[PDB]
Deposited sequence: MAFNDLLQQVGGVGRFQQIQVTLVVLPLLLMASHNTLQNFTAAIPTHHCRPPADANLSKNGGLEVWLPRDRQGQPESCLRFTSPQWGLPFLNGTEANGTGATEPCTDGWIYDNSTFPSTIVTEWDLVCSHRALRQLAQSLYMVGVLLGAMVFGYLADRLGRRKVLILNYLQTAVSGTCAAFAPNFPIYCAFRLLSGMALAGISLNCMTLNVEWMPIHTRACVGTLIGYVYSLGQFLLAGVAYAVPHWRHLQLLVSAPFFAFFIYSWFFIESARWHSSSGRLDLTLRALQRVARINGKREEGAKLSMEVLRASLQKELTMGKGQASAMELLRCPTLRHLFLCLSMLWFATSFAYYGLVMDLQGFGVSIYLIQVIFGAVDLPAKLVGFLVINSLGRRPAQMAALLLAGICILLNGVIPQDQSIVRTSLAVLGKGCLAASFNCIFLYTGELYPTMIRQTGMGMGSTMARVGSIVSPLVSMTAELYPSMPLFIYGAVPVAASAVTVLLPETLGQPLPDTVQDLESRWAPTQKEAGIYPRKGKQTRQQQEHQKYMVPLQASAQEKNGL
């Protein structure tokens, strides 16, 4: 069928190398946006601005947001004095998100993930109607414009609104980056394309660490990260629309003109000449010839409820650990580098294990170790720095490996008639976990160590539900 035409037109040739590289390139800045709150919203040490004046906690530091009424307690009313030695200006220092507004920092991150969740749902449907190239162009422009306006937001509600729209646009690019590349690649390569995207996203953690080290101002950093998406919109007009979508849309005239252009780039002009309407109609016989069944059929229910738990738990604990970089005693400019560095060997071990033993034993190992490492982190006293840092790095490594393991597992358990819906609805649960993770982080005011326990007790429970899945090997 269609797979033969791509092989006939040149397979993986010059066009595929140019297009896939250009489409996947913006994924470097994807990790620089989700994690950006660690650098544009860091909390420097703040002691209350005097009108001797500042009571001290039993540790010894000046108490946060309590000052003596008369010189040697009353809450701050003249503002705060921040530490300008390592963080010049973050959104916490710009709008006093310190004591009565601790949750306002986490709420802004939660509102961003609502954009990511809403972006995939809306722009996923919009892609199937206006194409994959047109939606990608509109997402490149929206990400650049909405990201830029956040760097100039005069009010906190304006900052949240212009970051929610950035999250809405940044889900469309990630979703369409996979679709526009997979559809132009042969079927047997589809497994490799998903791996490349994850590794490309992995290198994005390094880029954020490098940029945030040289441009610490939050207004400059937010603008600088969203600046390149203007250049990703200028060259987005030269993409070649996915020919598979054109054939499915019923416009077989377009899919002949799309394939011939690929033949010219790939150099197989003569084989491109043989293409015509009549051969296209005959070859594309099975191409032109629903989530409701995912909740109705009994045998498919057991997969959806189970698989939604692994997707949710893996992402819920991933963003409950990535966003905590300041409680380790090491500079965040180094922990972020280490966090992205452990991503690669952990994924390689994950790929090595599944091919060696299976998928179910790999899934239990990936999550339970992450749940144990996170849980042990909370009990271990903060005095230990190397011990606590090692556990968190090891925990984030497993959760990175769990993402690859659960992505391949979803693509092999769901039947081919449902996979597109099952994978699409599977990743939606992942974005739901990213929303709830900051909200769970907001309860640290009720109990200092509660968020770590919830971030650890969830993957442990998920490791106790992955035993209800048929392993796929051979």
Can you list the gaps, numbered from 1 on the deposited sequence, where no C-alpha is modelled? 1, 53 to 64, 86 to 101, 319 to 324, 510 to 563
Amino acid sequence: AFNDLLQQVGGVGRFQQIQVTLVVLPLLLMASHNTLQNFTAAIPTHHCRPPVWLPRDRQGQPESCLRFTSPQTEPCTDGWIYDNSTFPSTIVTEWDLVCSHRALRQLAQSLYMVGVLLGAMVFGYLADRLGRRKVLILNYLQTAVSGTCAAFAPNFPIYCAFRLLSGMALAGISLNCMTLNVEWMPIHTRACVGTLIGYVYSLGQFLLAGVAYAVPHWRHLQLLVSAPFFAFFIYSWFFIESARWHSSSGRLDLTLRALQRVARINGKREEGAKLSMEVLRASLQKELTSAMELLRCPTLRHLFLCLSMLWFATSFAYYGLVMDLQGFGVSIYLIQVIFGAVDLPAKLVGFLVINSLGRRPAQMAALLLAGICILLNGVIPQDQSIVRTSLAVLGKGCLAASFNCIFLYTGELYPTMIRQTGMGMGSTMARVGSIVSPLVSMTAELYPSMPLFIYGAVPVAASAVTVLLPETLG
From here on, numbers count along this sequence of modelled residues.
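What we label the rigid core is the largest C-alpha set whose atoms superpose within 1.5 Å from one form to the other.
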So, in 8 other deposited structures of this protein, taking the root mean square over structures and residues of the Cα distances after a rigid core fit: is 226 to 234 or 351 to 359 the more displaced stretch? 351 to 359
RMS Cα shift after core superposition in 8 other deposited structures of this protein, winner of 183 to 191 and 208 to 216: 183 to 191
Of the other PDB entries for this protein whose models extend past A365 on both sides, does at least a third leave it without coordinates? no
In a third or more of the other compared PDB entries with flanking residues modelled, does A120 go missing? no
